[PDB]
Amino acid sequence: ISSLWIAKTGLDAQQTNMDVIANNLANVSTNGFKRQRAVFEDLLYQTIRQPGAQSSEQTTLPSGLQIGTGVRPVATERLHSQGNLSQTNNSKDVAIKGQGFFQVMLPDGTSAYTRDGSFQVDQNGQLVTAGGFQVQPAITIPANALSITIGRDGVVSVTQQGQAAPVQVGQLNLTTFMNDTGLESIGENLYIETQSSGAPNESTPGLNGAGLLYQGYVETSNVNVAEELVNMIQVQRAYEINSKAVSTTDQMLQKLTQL
Amino acid sequence: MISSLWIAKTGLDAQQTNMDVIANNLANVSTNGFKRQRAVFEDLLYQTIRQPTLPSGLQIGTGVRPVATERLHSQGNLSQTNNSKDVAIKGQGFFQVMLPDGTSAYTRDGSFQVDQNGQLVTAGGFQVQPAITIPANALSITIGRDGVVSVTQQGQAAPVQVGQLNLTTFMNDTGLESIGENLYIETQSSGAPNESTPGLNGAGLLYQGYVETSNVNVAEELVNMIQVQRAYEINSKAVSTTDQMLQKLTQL
Amino acid sequence: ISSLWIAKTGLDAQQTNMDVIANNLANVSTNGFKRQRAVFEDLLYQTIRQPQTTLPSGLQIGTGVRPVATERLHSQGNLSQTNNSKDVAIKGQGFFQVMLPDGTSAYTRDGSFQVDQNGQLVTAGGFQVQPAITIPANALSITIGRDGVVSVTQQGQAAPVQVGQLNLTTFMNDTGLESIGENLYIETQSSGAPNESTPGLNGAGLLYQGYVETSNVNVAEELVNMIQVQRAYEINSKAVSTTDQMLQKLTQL
Amino acid sequence: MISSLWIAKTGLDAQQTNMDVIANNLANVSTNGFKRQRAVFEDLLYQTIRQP
Amino acid sequence: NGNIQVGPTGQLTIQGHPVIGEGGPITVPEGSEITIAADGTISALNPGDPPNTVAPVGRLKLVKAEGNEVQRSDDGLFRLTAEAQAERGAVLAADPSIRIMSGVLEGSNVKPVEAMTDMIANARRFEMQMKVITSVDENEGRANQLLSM
Amino acid sequence: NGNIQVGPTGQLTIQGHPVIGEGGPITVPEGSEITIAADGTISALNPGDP
């Protein structure tokens, strides 16, 4: 019967909404996390019969029967806003202002982009993200580095022992996309290109609409707990309301079949 | 759907942003040349219920929404830093510094330092637009009421002038777009900047050896915090009672 | 089914009452806002049967309750100091006049003014103030006295120069004004034809510079009304429940 | 998880470092040829909900 | 549904349907920030450019419909009825009396109390009809015995 | 139902029904601050007037 299918679709939609809300609340501490929001869409409409003639010296209602079909989750759009900055005092942590993505190198050969600023140096001196994946520009910090400094731009330099003038070692260019909402998100805080988001373009920070680099700061997740709690209450109430429809349909079917 | 949940949520958001701006004002109470901020709210759209010279019509509100946030461009106090390269603007005006990318940024916090080349740069590395150059072997640097900056050298009586500090003015001071490091940039809301020598055409004067502090009223801030806390709690109670009513309805 | 319809009407009325209560609570910190209270009324009454000492023995069934209007308490709110120099507050009655983009004219109450790039006086939102006060450059200080006169000083001027006057409008009946969003009211047939006047004349108000008028929302009153609304809703749901029990038993037997 | 909290954290840190430099200045008041230090702060970034 | 998305090539859309403004389907610059005015004007600012370079790039088309002359379609987009279409023209005109606001998104309008009352009434009516069916069947079945001899 | 309202022309109308007092239903000035006494007297004060 159509009522059960429609209510099943409604319950599934509410469950998916609760799932995305729970995911948003769970990783409230992840660095550089952009909160998601799920948008639904109603299905097609079945027209049992079309309206006839009307408005002929009369005030009659239109006699048109048009049943719904249900609801499906059509998209989950992330909010690429700007989060707050927290100080960590660690010289190898970089916060990004504006737009841009650090490009890392996946083991299989492709490349992924990320916003999480948390960098460490592996055994070879190369700069890698927390997890072992190498940064694609591959900034190399030599040994006996007294202090590694990264300016507001991508230039990174390190002072030696005797020489007063620091020796430059690389540039931390970052990539931008025409539509950051279309990026496909996978684990390890990684975003990859799709057909919906344009081809990435690389630029040094501060140019071509890119951001700026702050040393020793980490961007926090832009989650809104006030929104999340009210959304939880609303989805719980909607779930109960939908279950009431299933209960009533079951009762009326039972009364019918007791014939 | 439920009527009051999405109204109480908007109220909570408004109070949250109010607390955010209050905390931001409180955090930078020790910075130089800072201006306090105030947010202004407004109601949302109203829905009219259609009825069959009546005294009034049936209208239902929808919530609140933060519309704008302005900065109070008043005159702050002055603290004697005892240094000789710190300038405090008395009145209205803005120094013009140049970003590394090439554009121009306008600031008010005057605390200058000299780089290795001899030029005059602000704290952070940006250099002042009129390109003031201080030569080596300088006994002292003096900045008068006007923009003339003079340097005294050993063995000379008459000090030698090195540059001029022309400061810019805007028609709309609040409309400047603010970025970090106490820098502002021009917008459409703010008029086109116009240069001026100090003391003319409404520009302010200069004091050497002083830094302008921030105009933040902690007495107002604390009471505002009390108010926003109480408002947040009341809106939370509204959410709770809406939830209770809706749950009682649905458990029918 | 009559009980179901009546209880549905009661639940809808309580829902609207809770809606207006929440709306009043939400903008408790909005400048120049006036609280609203909703008034309900009964519907038509059915006369099923016309009427030593006994009861009159007549039947007359009710129909339900509908909301009629929401009256705004146009009282006087408190004044809070913002220390700014371009903010004004109304003492008494009167509304400012601003121009909407399409061309019509709408009225506001709160005072929080900025100056656009040209120099004219506009509210926070871009809407231009109708009297069109223009403040030229190098404005060392701006003064808006208890009367509508606005005077700006300049460099080395013995006396300030007047740059206009801020007259404000008054209505015969302000409760009937239609309140569109964004702290604006538009004239309707309910309110009389507005008349503009300088402050302090013909019953108009007075302008205080550097203060804003806070909303007159009574939090204790709203909380008590909210508790009562919740309890009335819980009472009304019992009518639906009992009618459902009656109908179910009737169907079963 | 709140903007007010993450701003007050930075405020506390700034006040702590100001107190630290004051204490360092006061500590070696008897040191020969010592020049006092003072700290200068700046505001962090800004989030633009509506473009001015 | 005010949830407007932007594609890779600067094309505006709503659930895959290109929104049309004054002219044709409006297309903003490639990757610029977009702002909506209080009456439908669209302003674009190329990122990284100074804030004084914000420029209008298009205007939305907003129509006013009373509500009693619009019918839903299969996809879910309301269109004018035949009579209203004949009276007001095939395509409506962008009236300037409508004003909108940005930063907010409108939800749905379904009344839980109405839904619950309708469900209860439907269940009860179904039960009554079933009882009537049973009674009629029993009467006919017992009446057919009269046909015997 | 003691909920009185004033129309634009100044007639005390309750729910769209004019109120009746002795000697004519009602008549009040355009915008006077109406103050109703304890036993029925309706004092009116013109706003701004002394």
# chains A, B, ... in the order shown; residues from 1 in each chain; ligands from 1
$ residues_around --residues "residue 96 in chain A" --least-positions-apart "5" --cutoff "7 Å" --atoms "only C-alpha atoms" --output "MDAnalysis selection string"
chainID A and resid 211:214
$ write_last_selection --atoms "N, CA and C atoms" --output "CSV table (one decimal), in the first residue's frame"
chain,number,residue,atom,x,y,z
A,211,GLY,N,44.4,32.6,0.1
A,211,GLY,CA,44.4,33.1,1.5
A,211,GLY,C,45.8,33.5,1.9
A,212,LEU,N,46.0,33.5,3.3
A,212,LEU,CA,47.2,33.9,3.9
A,212,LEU,C,47.6,32.9,4.9
A,213,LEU,N,48.9,32.7,5.2
A,213,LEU,CA,49.4,31.7,6.1
A,213,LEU,C,49.8,32.3,7.4
A,214,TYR,N,49.2,31.8,8.5
A,214,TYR,CA,49.6,32.2,9.9
A,214,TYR,C,50.4,31.1,10.5
$ interface_residues --of "chain D" --to "chain E" --cutoff "9 Å" --atoms "only C-alpha atoms" --output "PyMOL selection string"
chain D and resi 49-52
$ write_last_selection --atoms "N, CA, C and O atoms" --output "PDB file, in the first residue's frame"
ATOM      1  N   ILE D  49      30.127  38.114   7.433  1.00  0.00           N
ATOM      2  CA  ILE D  49      28.843  37.508   7.106  1.00  0.00           C
ATOM      3  C   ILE D  49      28.229  38.190   5.891  1.00  0.00           C
ATOM      4  O   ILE D  49      27.728  37.528   4.977  1.00  0.00           O
ATOM      5  N   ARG D  50      28.261  39.522   5.859  1.00  0.00           N
ATOM      6  CA  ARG D  50      27.753  40.301   4.738  1.00  0.00           C
ATOM      7  C   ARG D  50      28.845  41.247   4.268  1.00  0.00           C
ATOM      8  O   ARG D  50      29.424  41.977   5.078  1.00  0.00           O
ATOM      9  N   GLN D  51      29.118  41.238   2.972  1.00  0.00           N
ATOM     10  CA  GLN D  51      30.202  42.047   2.426  1.00  0.00           C
ATOM     11  C   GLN D  51      29.887  43.527   2.588  1.00  0.00           C
ATOM     12  O   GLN D  51      28.843  43.983   2.106  1.00  0.00           O
ATOM     13  N   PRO D  52      30.737  44.305   3.255  1.00  0.00           N
ATOM     14  CA  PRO D  52      30.462  45.736   3.400  1.00  0.00           C
ATOM     15  C   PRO D  52      30.443  46.431   2.051  1.00  0.00           C
ATOM     16  O   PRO D  52      31.170  46.063   1.126  1.00  0.00           O
TER      17      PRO D  52
END
$ residues_around --residues "residue 83 in chain A" --least-positions-apart "4" --cutoff "6 Å" --atoms "only C-alpha atoms" --output "VMD selection string"
chain A and resid 219 to 220 222
$ select_by_dssp --residues "chain F" --states "strand (DSSP E)" --output "PyMOL selection string"
chain F and resi 5-6+12-14+17-18+35-36+42-43
$ select_by_dssp --residues "chain D" --states "alpha helix (DSSP H)" --output "PDB file with C-alpha atoms, in the first residue's frame"
ATOM      1  CA  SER D   3      33.373  31.626  19.248  1.00  0.00           C
ATOM      2  CA  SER D   4      33.246  33.545  22.527  1.00  0.00           C
ATOM      3  CA  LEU D   5      35.273  30.819  24.241  1.00  0.00           C
ATOM      4  CA  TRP D   6      37.854  30.647  21.459  1.00  0.00           C
ATOM      5  CA  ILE D   7      38.227  34.438  21.571  1.00  0.00           C
ATOM      6  CA  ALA D   8      38.540  34.615  25.353  1.00  0.00           C
ATOM      7  CA  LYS D   9      41.279  31.984  25.125  1.00  0.00           C
ATOM      8  CA  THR D  10      43.381  34.323  22.987  1.00  0.00           C
ATOM      9  CA  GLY D  11      42.549  37.217  25.296  1.00  0.00           C
ATOM     10  CA  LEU D  12      43.808  35.264  28.299  1.00  0.00           C
ATOM     11  CA  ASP D  13      46.959  34.277  26.413  1.00  0.00           C
ATOM     12  CA  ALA D  14      47.681  37.894  25.464  1.00  0.00           C
ATOM     13  CA  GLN D  15      47.230  39.080  29.040  1.00  0.00           C
ATOM     14  CA  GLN D  16      49.465  36.263  30.279  1.00  0.00           C
ATOM     15  CA  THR D  17      52.282  37.177  27.899  1.00  0.00           C
ATOM     16  CA  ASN D  18      51.969  40.854  28.838  1.00  0.00           C
ATOM     17  CA  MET D  19      52.289  39.916  32.511  1.00  0.00           C
ATOM     18  CA  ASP D  20      55.245  37.691  31.634  1.00  0.00           C
ATOM     19  CA  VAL D  21      57.166  40.493  29.930  1.00  0.00           C
ATOM     20  CA  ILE D  22      56.367  42.806  32.858  1.00  0.00           C
ATOM     21  CA  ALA D  23      57.714  40.213  35.295  1.00  0.00           C
ATOM     22  CA  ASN D  24      60.844  39.739  33.191  1.00  0.00           C
ATOM     23  CA  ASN D  25      61.436  43.500  33.189  1.00  0.00           C
ATOM     24  CA  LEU D  26      60.996  43.633  36.961  1.00  0.00           C
ATOM     25  CA  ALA D  27      63.240  40.623  37.594  1.00  0.00           C
TER      26      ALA D  27
END
$ interface_residues --of "chain B" --to "chain E" --cutoff "9 Å" --atoms "only C-alpha atoms" --output "list in words"
residues 1, 2, 44, 45, 65, 103, 177, 185, 186, 187, 188, 189, 246, 249, 250 and 252 of chain B
$ residues_around --residues "range 42-47 of chain D" --least-positions-apart "3" --cutoff "10 Å" --atoms "only C-alpha atoms" --output "VMD selection string"
(chain A and resid 81 to 85 97 to 98) or (chain B and resid 24 27 to 28 30 to 34 109 123 to 124 177 to 183) or (chain D and resid 7 10 14 50 to 51)
$ write_last_selection --atoms "N, CA and C atoms" --output "PDB file, in the first residue's frame"
ATOM      1  N   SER A  81      32.797  28.121   5.232  1.00  0.00           N
ATOM      2  CA  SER A  81      32.953  29.405   5.900  1.00  0.00           C
ATOM      3  C   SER A  81      34.376  29.517   6.438  1.00  0.00           C
ATOM      4  N   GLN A  82      34.612  30.512   7.286  1.00  0.00           N
ATOM      5  CA  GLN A  82      35.904  30.707   7.928  1.00  0.00           C
ATOM      6  C   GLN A  82      35.754  30.417   9.413  1.00  0.00           C
ATOM      7  N   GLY A  83      36.530  29.460   9.910  1.00  0.00           N
ATOM      8  CA  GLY A  83      36.474  29.109  11.311  1.00  0.00           C
ATOM      9  C   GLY A  83      37.386  29.966  12.163  1.00  0.00           C
ATOM     10  N   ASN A  84      37.287  29.764  13.473  1.00  0.00           N
ATOM     11  CA  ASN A  84      38.133  30.490  14.403  1.00  0.00           C
ATOM     12  C   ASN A  84      39.537  29.896  14.421  1.00  0.00           C
ATOM     13  N   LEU A  85      40.480  30.680  14.931  1.00  0.00           N
ATOM     14  CA  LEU A  85      41.875  30.276  15.025  1.00  0.00           C
ATOM     15  C   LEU A  85      42.241  30.051  16.482  1.00  0.00           C
ATOM     16  N   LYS A  97      43.929  31.604   5.935  1.00  0.00           N
ATOM     17  CA  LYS A  97      42.914  32.646   5.930  1.00  0.00           C
ATOM     18  C   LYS A  97      42.360  32.805   4.524  1.00  0.00           C
ATOM     19  N   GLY A  98      41.048  32.817   4.413  1.00  0.00           N
ATOM     20  CA  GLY A  98      40.392  33.017   3.125  1.00  0.00           C
ATOM     21  C   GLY A  98      40.060  31.688   2.461  1.00  0.00           C
TER      22      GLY A  98
ATOM     23  N   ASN B  24      35.018  39.597  21.747  1.00  0.00           N
ATOM     24  CA  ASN B  24      36.050  40.176  20.898  1.00  0.00           C
ATOM     25  C   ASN B  24      36.478  41.544  21.408  1.00  0.00           C
ATOM     26  N   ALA B  27      38.647  41.007  24.524  1.00  0.00           N
ATOM     27  CA  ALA B  27      39.932  40.338  24.347  1.00  0.00           C
ATOM     28  C   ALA B  27      41.044  41.335  24.049  1.00  0.00           C
ATOM     29  N   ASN B  28      40.798  42.273  23.144  1.00  0.00           N
ATOM     30  CA  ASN B  28      41.816  43.255  22.772  1.00  0.00           C
ATOM     31  C   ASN B  28      41.595  44.574  23.508  1.00  0.00           C
ATOM     32  N   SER B  30      44.169  45.602  25.473  1.00  0.00           N
ATOM     33  CA  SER B  30      45.531  46.094  25.607  1.00  0.00           C
ATOM     34  C   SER B  30      46.166  46.459  24.273  1.00  0.00           C
ATOM     35  N   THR B  31      45.440  46.327  23.170  1.00  0.00           N
ATOM     36  CA  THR B  31      45.994  46.698  21.881  1.00  0.00           C
ATOM     37  C   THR B  31      45.886  48.202  21.665  1.00  0.00           C
ATOM     38  N   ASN B  32      46.738  48.711  20.786  1.00  0.00           N
ATOM     39  CA  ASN B  32      46.820  50.140  20.534  1.00  0.00           C
ATOM     40  C   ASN B  32      46.009  50.509  19.302  1.00  0.00           C
ATOM     41  N   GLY B  33      45.293  51.625  19.389  1.00  0.00           N
ATOM     42  CA  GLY B  33      44.532  52.117  18.260  1.00  0.00           C
ATOM     43  C   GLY B  33      43.408  51.204  17.819  1.00  0.00           C
ATOM     44  N   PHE B  34      42.617  50.717  18.770  1.00  0.00           N
ATOM     45  CA  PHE B  34      41.490  49.844  18.482  1.00  0.00           C
ATOM     46  C   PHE B  34      40.180  50.560  18.779  1.00  0.00           C
ATOM     47  N   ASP B 109      46.944  52.868  14.437  1.00  0.00           N
ATOM     48  CA  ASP B 109      47.903  52.518  15.484  1.00  0.00           C
ATOM     49  C   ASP B 109      49.303  52.891  15.020  1.00  0.00           C
ATOM     50  N   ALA B 123      55.021  48.044  12.665  1.00  0.00           N
ATOM     51  CA  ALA B 123      55.244  46.765  13.324  1.00  0.00           C
ATOM     52  C   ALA B 123      54.595  45.662  12.500  1.00  0.00           C
ATOM     53  N   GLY B 124      55.415  44.858  11.829  1.00  0.00           N
ATOM     54  CA  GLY B 124      54.899  43.802  10.986  1.00  0.00           C
ATOM     55  C   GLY B 124      55.623  43.704   9.662  1.00  0.00           C
ATOM     56  N   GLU B 177      36.617  48.506   5.468  1.00  0.00           N
ATOM     57  CA  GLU B 177      36.654  47.068   5.691  1.00  0.00           C
ATOM     58  C   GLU B 177      37.878  46.742   6.530  1.00  0.00           C
ATOM     59  N   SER B 178      37.670  46.090   7.665  1.00  0.00           N
ATOM     60  CA  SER B 178      38.748  45.833   8.606  1.00  0.00           C
ATOM     61  C   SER B 178      39.316  44.436   8.401  1.00  0.00           C
ATOM     62  N   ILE B 179      40.643  44.341   8.356  1.00  0.00           N
ATOM     63  CA  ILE B 179      41.325  43.053   8.337  1.00  0.00           C
ATOM     64  C   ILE B 179      42.250  43.019   9.545  1.00  0.00           C
ATOM     65  N   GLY B 180      43.035  41.955   9.679  1.00  0.00           N
ATOM     66  CA  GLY B 180      43.888  41.809  10.841  1.00  0.00           C
ATOM     67  C   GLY B 180      44.996  42.840  10.932  1.00  0.00           C
ATOM     68  N   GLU B 181      45.717  42.836  12.051  1.00  0.00           N
ATOM     69  CA  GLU B 181      46.862  43.723  12.270  1.00  0.00           C
ATOM     70  C   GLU B 181      46.454  45.193  12.231  1.00  0.00           C
ATOM     71  N   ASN B 182      45.234  45.472  12.684  1.00  0.00           N
ATOM     72  CA  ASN B 182      44.722  46.838  12.794  1.00  0.00           C
ATOM     73  C   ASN B 182      44.850  47.589  11.473  1.00  0.00           C
ATOM     74  N   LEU B 183      44.446  46.933  10.393  1.00  0.00           N
ATOM     75  CA  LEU B 183      44.474  47.534   9.069  1.00  0.00           C
ATOM     76  C   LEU B 183      43.060  47.652   8.526  1.00  0.00           C
TER      77      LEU B 183
ATOM     78  N   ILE D   7      37.670  33.090  21.536  1.00  0.00           N
ATOM     79  CA  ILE D   7      38.227  34.438  21.571  1.00  0.00           C
ATOM     80  C   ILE D   7      38.773  34.775  22.955  1.00  0.00           C
ATOM     81  N   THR D  10      42.317  33.461  23.485  1.00  0.00           N
ATOM     82  CA  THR D  10      43.381  34.323  22.987  1.00  0.00           C
ATOM     83  C   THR D  10      43.548  35.550  23.869  1.00  0.00           C
ATOM     84  N   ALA D  14      47.049  36.590  25.636  1.00  0.00           N
ATOM     85  CA  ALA D  14      47.681  37.894  25.464  1.00  0.00           C
ATOM     86  C   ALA D  14      47.954  38.555  26.806  1.00  0.00           C
ATOM     87  N   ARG D  50      28.261  39.522   5.859  1.00  0.00           N
ATOM     88  CA  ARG D  50      27.753  40.301   4.738  1.00  0.00           C
ATOM     89  C   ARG D  50      28.845  41.247   4.268  1.00  0.00           C
ATOM     90  N   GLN D  51      29.118  41.238   2.972  1.00  0.00           N
ATOM     91  CA  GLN D  51      30.202  42.047   2.426  1.00  0.00           C
ATOM     92  C   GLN D  51      29.887  43.527   2.588  1.00  0.00           C
TER      93      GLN D  51
END
$ closest_residue --among "A:188, A:135, A:237, A:226" --to "chain D" --atoms "only C-alpha atoms"
A:226
$ atom_distance --atom1 "CA of residue 183 in chain A" --atom2 "CA of residue 221 in chain A"
17.4 Å
$ residues_around --residues "residue 243 in chain B" --least-positions-apart "5" --cutoff "10 Å" --atoms "only C-alpha atoms" --output "list in words"
residues 230, 233, 234, 236 and 237 of chain A; 2, 4, 5, 237, 238, 248 and 249 of chain B
$ write_last_selection --atoms "N, CA, C and O atoms" --output "mmCIF file, in the first residue's frame"
data_model
loop_
_atom_site.group_PDB
_atom_site.id
_atom_site.type_symbol
_atom_site.label_atom_id
_atom_site.label_comp_id
_atom_site.auth_asym_id
_atom_site.auth_seq_id
_atom_site.Cartn_x
_atom_site.Cartn_y
_atom_site.Cartn_z
ATOM 1 N N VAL A 230 18.739 22.244 18.293
ATOM 2 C CA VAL A 230 17.385 22.490 17.815
ATOM 3 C C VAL A 230 17.055 21.570 16.649
ATOM 4 O O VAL A 230 15.927 21.076 16.532
ATOM 5 N N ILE A 233 16.100 18.230 18.141
ATOM 6 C CA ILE A 233 14.743 18.237 18.682
ATOM 7 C C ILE A 233 13.721 18.150 17.554
ATOM 8 O O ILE A 233 12.759 17.370 17.612
ATOM 9 N N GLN A 234 13.930 18.939 16.499
ATOM 10 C CA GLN A 234 12.981 18.961 15.396
ATOM 11 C C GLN A 234 12.907 17.610 14.697
ATOM 12 O O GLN A 234 11.814 17.133 14.372
ATOM 13 N N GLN A 236 13.656 14.651 15.932
ATOM 14 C CA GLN A 236 13.016 13.672 16.806
ATOM 15 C C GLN A 236 11.499 13.809 16.762
ATOM 16 O O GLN A 236 10.770 12.813 16.633
ATOM 17 N N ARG A 237 11.003 15.045 16.857
ATOM 18 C CA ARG A 237 9.559 15.253 16.812
ATOM 19 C C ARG A 237 8.980 14.824 15.467
ATOM 20 O O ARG A 237 7.920 14.189 15.407
ATOM 21 N N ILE B 2 7.182 23.026 13.312
ATOM 22 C CA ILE B 2 6.651 23.600 14.542
ATOM 23 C C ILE B 2 6.973 25.087 14.541
ATOM 24 O O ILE B 2 8.040 25.506 14.083
ATOM 25 N N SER B 4 7.404 27.673 16.860
ATOM 26 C CA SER B 4 8.272 28.469 17.720
ATOM 27 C C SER B 4 9.722 28.005 17.749
ATOM 28 O O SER B 4 10.587 28.759 18.216
ATOM 29 N N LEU B 5 10.014 26.790 17.280
ATOM 30 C CA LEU B 5 11.382 26.288 17.357
ATOM 31 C C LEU B 5 12.330 27.141 16.527
ATOM 32 O O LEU B 5 13.397 27.543 17.001
ATOM 33 N N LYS B 237 14.780 28.171 27.557
ATOM 34 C CA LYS B 237 13.529 27.741 28.175
ATOM 35 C C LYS B 237 12.398 27.703 27.155
ATOM 36 O O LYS B 237 11.540 26.813 27.197
ATOM 37 N N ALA B 238 12.371 28.674 26.240
ATOM 38 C CA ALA B 238 11.357 28.660 25.189
ATOM 39 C C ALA B 238 11.487 27.417 24.316
ATOM 40 O O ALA B 238 10.483 26.778 23.972
ATOM 41 N N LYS B 248 4.044 16.235 23.823
ATOM 42 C CA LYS B 248 2.728 15.877 24.337
ATOM 43 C C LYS B 248 1.728 15.716 23.202
ATOM 44 O O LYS B 248 0.879 14.819 23.233
ATOM 45 N N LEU B 249 1.808 16.585 22.193
ATOM 46 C CA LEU B 249 0.924 16.448 21.039
ATOM 47 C C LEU B 249 1.170 15.133 20.307
ATOM 48 O O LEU B 249 0.227 14.397 20.000
#
$ interface_residues --of "chain A" --to "chain B" --cutoff "10 Å" --atoms "only C-alpha atoms" --output "MDAnalysis selection string"
chainID A and resid 152:153 206:207 224 226:231 233:244
$ write_last_selection --atoms "N, CA, C and O atoms" --output "short mmCIF file (atom, residue, chain, number, x, y, z; two decimals), in the first residue's frame"
data_model
loop_
_atom_site.label_atom_id
_atom_site.label_comp_id
_atom_site.auth_asym_id
_atom_site.auth_seq_id
_atom_site.Cartn_x
_atom_site.Cartn_y
_atom_site.Cartn_z
N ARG A 152 53.83 35.30 6.24
CA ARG A 152 52.44 35.43 5.83
C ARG A 152 52.23 34.87 4.43
O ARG A 152 51.14 34.40 4.10
N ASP A 153 53.26 34.92 3.59
CA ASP A 153 53.23 34.29 2.28
C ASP A 153 53.72 32.85 2.42
O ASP A 153 53.95 32.35 3.53
N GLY A 206 47.93 34.93 -0.90
CA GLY A 206 47.74 36.36 -1.07
C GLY A 206 47.48 36.81 -2.49
O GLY A 206 47.20 38.00 -2.70
N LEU A 207 47.55 35.91 -3.47
CA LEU A 207 47.33 36.26 -4.87
C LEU A 207 46.31 35.32 -5.48
O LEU A 207 46.12 34.19 -5.00
N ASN A 224 28.03 24.61 14.77
CA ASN A 224 27.16 25.49 15.55
C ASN A 224 26.24 24.63 16.42
O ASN A 224 25.21 24.14 15.96
N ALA A 226 24.27 25.38 18.83
CA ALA A 226 22.92 25.90 19.00
C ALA A 226 22.01 25.43 17.87
O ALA A 226 20.86 25.05 18.10
N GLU A 227 22.52 25.46 16.63
CA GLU A 227 21.76 24.90 15.52
C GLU A 227 21.58 23.40 15.67
O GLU A 227 20.49 22.87 15.40
N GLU A 228 22.63 22.69 16.09
CA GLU A 228 22.56 21.24 16.14
C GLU A 228 21.52 20.74 17.12
O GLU A 228 20.77 19.80 16.83
N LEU A 229 21.44 21.36 18.31
CA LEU A 229 20.49 20.89 19.31
C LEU A 229 19.05 21.08 18.85
O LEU A 229 18.22 20.17 19.00
N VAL A 230 18.74 22.24 18.29
CA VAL A 230 17.38 22.49 17.82
C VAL A 230 17.06 21.57 16.65
O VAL A 230 15.93 21.08 16.53
N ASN A 231 18.03 21.31 15.78
CA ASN A 231 17.80 20.36 14.70
C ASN A 231 17.50 18.97 15.24
O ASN A 231 16.64 18.26 14.72
N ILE A 233 16.10 18.23 18.14
CA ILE A 233 14.74 18.24 18.68
C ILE A 233 13.72 18.15 17.55
O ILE A 233 12.76 17.37 17.61
N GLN A 234 13.93 18.94 16.50
CA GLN A 234 12.98 18.96 15.40
C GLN A 234 12.91 17.61 14.70
O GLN A 234 11.81 17.13 14.37
N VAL A 235 14.06 16.97 14.46
CA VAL A 235 14.04 15.70 13.75
C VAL A 235 13.43 14.61 14.62
O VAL A 235 12.74 13.72 14.11
N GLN A 236 13.66 14.65 15.93
CA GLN A 236 13.02 13.67 16.81
C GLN A 236 11.50 13.81 16.76
O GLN A 236 10.77 12.81 16.63
N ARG A 237 11.00 15.04 16.86
CA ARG A 237 9.56 15.25 16.81
C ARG A 237 8.98 14.82 15.47
O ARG A 237 7.92 14.19 15.41
N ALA A 238 9.67 15.16 14.37
CA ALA A 238 9.20 14.74 13.05
C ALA A 238 9.20 13.23 12.91
O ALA A 238 8.29 12.67 12.28
N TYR A 239 10.20 12.55 13.47
CA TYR A 239 10.24 11.10 13.42
C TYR A 239 9.05 10.49 14.15
O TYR A 239 8.41 9.56 13.65
N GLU A 240 8.72 11.02 15.33
CA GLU A 240 7.56 10.52 16.05
C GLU A 240 6.27 10.77 15.26
O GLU A 240 5.40 9.89 15.18
N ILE A 241 6.15 11.96 14.66
CA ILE A 241 4.96 12.27 13.87
C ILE A 241 4.82 11.29 12.71
O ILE A 241 3.73 10.76 12.45
N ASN A 242 5.92 11.01 12.01
CA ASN A 242 5.86 10.08 10.89
C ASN A 242 5.49 8.68 11.36
O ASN A 242 4.69 8.00 10.70
N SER A 243 6.04 8.23 12.49
CA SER A 243 5.69 6.91 13.00
C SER A 243 4.21 6.82 13.34
O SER A 243 3.62 5.74 13.25
N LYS A 244 3.61 7.94 13.75
CA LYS A 244 2.17 7.93 14.01
C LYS A 244 1.37 7.56 12.76
O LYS A 244 0.36 6.86 12.87
#
$ closest_atom_pairs --of "chain C" --to "chain D" --cutoff "12 Å" --atoms "only C-alpha atoms" --output "Markdown table"
| residue | atom | partner | partner_atom | distance |
| --- | --- | --- | --- | --- |
| C:116 | CA | D:52 | CA | 11.8 |
| C:124 | CA | D:52 | CA | 11.7 |
| C:125 | CA | D:52 | CA | 10.8 |
| C:126 | CA | D:52 | CA | 11.2 |
